[PDB]
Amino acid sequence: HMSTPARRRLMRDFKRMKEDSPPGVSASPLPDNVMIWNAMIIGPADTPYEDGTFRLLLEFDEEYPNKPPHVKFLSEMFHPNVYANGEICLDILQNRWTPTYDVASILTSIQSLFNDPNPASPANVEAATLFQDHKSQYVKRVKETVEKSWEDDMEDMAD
């Protein structure tokens, strides 16, 4: 049912996604559980993650938008700010949250991590040390995850 202030807003976010979905972004709450979202970011151009089909999983809380959601990459990843299980070390998801952030705002903020990773939090120590000194080998390794992302048939995006 959809009377809870949190659930009420999550449907408000969903409407925006259905009408002004950011470029290279997909997001759909589970048809029954409106607290778990399937998401999919496409790596922007002129970034080593270019043309990747990276799947995300957004888990929300009853306090939203006052509390950030849990965000996990589902596709395999190689990013300085992505832990080995998919959990993203993003600022707006940790200590710089805000109720003016809907789903789109969070998926584009994760999208922007592709072009410029935050060097402050090395979740992936290898990815961080590659991106800072050996950039040519960095792009070589990022593209191997871009290739893997294509394997999934995007069944999570059907109706």
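Numbering starts at 1 and runs along the sequence shown.
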Look up the CA B-factors in the entry and say which stretch, 58 to 66 or 86 to 94, has the higher mean. 58 to 66
Quick one: say whether 1 to 9 or 148 to 156 has the higher mean Cα B-factor in the deposited entry. 1 to 9
Tell me which of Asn124, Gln111, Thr100, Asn38 tops the list for C-alpha B factor in the record. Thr100
If you rank the chain by CA B-factor, which third does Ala128 end up in: lowest, middle or highest? middle
Based on the entry's values, in what third of the chain does the Cα temperature factor of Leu30 lie: lowest, middle or highest? highest
Modelled-residue ranking by C-alpha temperature factor, third containing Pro119: middle
